[PDB]
Every structure is written in C-alpha cells, then in structure tokens.
Amino acid sequence: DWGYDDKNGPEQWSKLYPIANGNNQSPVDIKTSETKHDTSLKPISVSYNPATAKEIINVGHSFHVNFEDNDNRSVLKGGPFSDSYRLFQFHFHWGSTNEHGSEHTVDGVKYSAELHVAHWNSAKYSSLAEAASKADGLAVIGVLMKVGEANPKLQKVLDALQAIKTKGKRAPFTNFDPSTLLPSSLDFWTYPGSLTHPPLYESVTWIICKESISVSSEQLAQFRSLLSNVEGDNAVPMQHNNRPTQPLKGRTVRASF
Ligand SMILES: NS(=O)(=O)c1ccc(NC(=O)NCCNCc2ccc(F)cc2)cc1
Ligand SMILES: [Zn+2]
C-alpha cells in the first residue's frame, strides 16, 4: 500500500511504481519566465450538468466527489484540446499546515491546497478505465487555493464530510455543478504530465488556472479532520496528501495569456 507517510510516501513510490521517476511526472513548479505563450490555445470551456453529481467517498488518503459519466452532460472543451473530455471526479489536496498544501507551485510559491477537476477523453475511448493509461486520456484542471477568506462555494462539500468521516464510507452527493468552484478567469497554463499519486500514469494534460480561489484556515481544518482509518480503529487524521513537485525533464509549460 502507498500513502503519504515517511515509509510509504512520495519519496518511496518508485519502488512499487517505477514511472514515479518518469519524464512526464506531476506536479511541477511553474516558472513564469520560462513559460511559452501559445496563440493557438483556445479558451477553456466547461459545461457541467448538476444532475451528474453522484457520490462522495472517503478513499483513506483523501476524499472524492464522483460524477455519472455515461454521456456528455458534463464536458470540458477548448484549451489545447480538439476532443471533448467528460467530467468524472473532483477532489482536493492539502498540507499539514497552511504554509503548504498545493501540489503545483508557481515561481516556487506553495499555496494552502489545490482543487483538481478530472475528465477523460470520451471522443477516443469508451471508459475511464480505458482512457486512464493513454497519453491523451485524461484532462485535469488544477486551481490553487490561497488561505484567506472563507469560500462559501465549498459549503456543500464541507457539509458532506461528516457522513464520510472514516475510510470507505460513501454517501450520495447530488445536484452540484463544480464549475462554481472555478476562479472567475480561466487563463491557464498547460503541460503534459501525470496522475500525482499511484498509479502515476503519464496520461494527464494539465490545465492550471492562473487565478487562485480562497479557502479559510478553518475550512482547511475540516479537510484535515477527515480520518484515514476505518470505523472503530484508532483515529488517524488525514494531515496531508500533496506530492512534491517533480522535474520538468525538458517539458514546456505553455501559457494561454
Ligand atoms: N491527483 S490527480 O493527478 O488529479 C488524479 C489521481 C488519481 C486519479 N485516479 C484515476 O485516474 N483512476 C483511474 C484508474 N482506473 C483503473 C485502472 C486504469 C488503468 C489500468 F491500467 C488499471 C486500472 C485521478 C486523478
Ligand atoms: Zn489530485
């Protein structure tokens, strides 16, 4: 089993998953003086149906909000993509304290948390399971979360956590459009990368928003009060789940702006 402890964490993942030392690993530090503006990048277009929201689940190291993905009711288009990508999940990463928590960094600056909105290429593949290992299979929007004022748009998510406190618990999570969590501007960086935890597939086209969203210190505390243990065991809070940034290995981060 992999995790984020010193024994099973990011620094040891390569033992079980050798791709952890690959050439397209995520997250990365975005150095803005080295980004390349691309005039061929179109605007990001998201159109999500709130009826596709399905379920929230404690997965031990984090929690996931999953969506019905049987059709194109909820899609991401534009940016670097010619294909439509179907929403299937969003989740967060956070750190042990406010000073860190994001996965991507910008000019070395660490933010308090990071939102990931994940999609799969339904123009080319028939399912998430098929798409997840293909180089053009996944598209994930990352939004950096800067500690400050409480973010009211997180409210439904935060209010749901008390029903999935321990590992494996799950509950209906319906009628929610996660485009309400995105920043007002969708100016972005993009680069070819990977899942940020095992199985670390190098299948993700990343879309990192330039604008951050807010989160309060107490809202972050609610994430960290989720438990990684199963019901009845000694409580083990989910203190953190962000991977360190990884070498670019010659990749180009492109800017839409
Ligand atoms: N933090 S993140 O990079 O946004 C991020 C991290 C992890 C995920 N999870 C997945 O992608 N699960 C797909 C796994 N499907 C089973 C499977 C697929 C292929 C295969 F060969 C064997 C089994 C999503 C986003
Ligand atoms: Zn993630």
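By convention here, the first residue in the shown sequence is residue 1.
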What pairs meet the ring-ring contact (aromatic ring centres under 6.0 Å, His included) rule with one or both residues in residues 208-235, with sequence neighbours excluded?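 Qualifying pairs: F63-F223, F92-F223, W94-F223.
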Listing request: all ring-ring contact (aromatic ring centres under 6.0 Å, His included) pairs with a residue in residues 19-40, at least two apart in sequence or in separate chains. none
Taking only residues two or more places apart in sequence, or in another chain, which ones meet [X] in a side chain to side chain contact (heavy atoms under 4.5 Å, CB included)?
X	result
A51	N49, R73
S127	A129, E130
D159	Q155
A135	none

Are [X] and [Y] in one and the same hydrophobic cluster, where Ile, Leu, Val, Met, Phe, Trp and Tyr link if side-chain heavy atoms are under 4.5 Å apart?
X	Y	value
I44	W206	no
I141	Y111	no
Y191	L144	yes
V117	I57	no
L161	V65	yes

Is the backbone N or O of [Y] less than 3.5 Å from a side-chain atom of [X], with the two atoms forming a donor-acceptor pair by type?
X	Y	result
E202	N24	yes
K156	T174	yes
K210	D187	no
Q219	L154	no
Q246	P244	yes
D107	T32	yes
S228	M238	no
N8	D5	yes
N58	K165	yes

So, using ring pair (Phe, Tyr, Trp, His ring centres under 6.0 Å) as the criterion, who are the partners of [X] when residues are at least two apart?
X	value
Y48	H119
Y201	none
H64	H91

Classify the angle between the aromatic ring planes of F90 and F173 as parallel (below 30°), tilted (30 to 60°) or perpendicular (above 60°).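 Taking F173 first and then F90, their aromatic rings stand perpendicular (interplane angle over 60°).
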Do the side chains of [Y] and [X] get nearer than 4.5 Å, heavy atoms only?
X	Y	value
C209	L186	yes
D136	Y85	yes
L76	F81	yes

Hey, what do you get for [atom1] ([X]) to [atom2] ([Y]), rounding to the nearest 0.5 Å?
X	Y	atom1	atom2	result
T39	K42	OG1	NZ	7.0 Å
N70	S122	CG	OG	11.0 Å
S96	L220	OG	CG	11.5 Å
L195	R243	CG	CZ	10.0 Å
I19	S14	CD1	OG	11.0 Å
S62	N241	OG	CG	5.0 Å

So, for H93 and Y4, is the gap between ring centers shorter than 6.0 Å? no
Mind checking whether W189 and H104 have ring centres under 6.0 Å apart? no
Those residues at least two apart in sequence (or on a different chain) that pass salt bridge (charged side-chain N to carboxylate O under 4.0 Å, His left out) with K77 are none
Side-chain donor-acceptor pair under 3.5 Å between [X] and [Y], yes or no?
X	Y	answer
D29	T105	yes
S74	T52	yes
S217	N98	yes
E103	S26	no
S102	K146	no

Reference residue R86; test side-chain hydrogen bond (donor to acceptor under 3.5 Å, both in side chains); the match among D69, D71, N72: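 Result: among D69, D71, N72, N72 is the only option passing the side-chain hydrogen bond (donor to acceptor under 3.5 Å, both in side chains) with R86.
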Under 4.0 Å between a side-chain nitrogen and a carboxylate oxygen: does that hold for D83 and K124? no
Side chains of residues 250-257: which donor-acceptor pairs under 3.5 Å do they make with residues two or more places apart or in other chains?
residue : atom : partner : partner atom : Å
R251    : NE   : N23     : O            : 3.3
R251    : NE   : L248    : O            : 2.8
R251    : NH1  : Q25     : O            : 3.0
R251    : NH1  : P192    : O            : 3.0
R251    : NH2  : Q25     : O            : 2.8
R251    : NH2  : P247    : O            : 2.8
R254    : NH1  : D38     : OD2          : 3.0
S256    : OG   : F188    : N            : 3.0
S256    : OG   : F188    : O            : 3.4

Nearest heavy-atom neighbours spanning [X] and [Y]:
X	Y	answer
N242	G101	CB-O, 3.3 Å
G9	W13	O-CD1, 3.0 Å
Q12	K7	CG-O, 3.6 Å
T190	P80	OG1-CG, 3.8 Å
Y125	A131	CD1-CB, 3.8 Å

Pairing residues for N229 by the side-chain hydrogen bond (donor to acceptor under 3.5 Å, both in side chains) criterion, not counting sequence neighbours: none
For side-chain contact (heavy atoms from CB on, under 4.5 Å), just list the numbers for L182 and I213, CA-CA rounded to whole Å, side-chain angles, deciding distance to a tenth of an Å, and then say yes or no. CA-CA 7 Å; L182 297 182; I213 64 176; over 6 Å; no
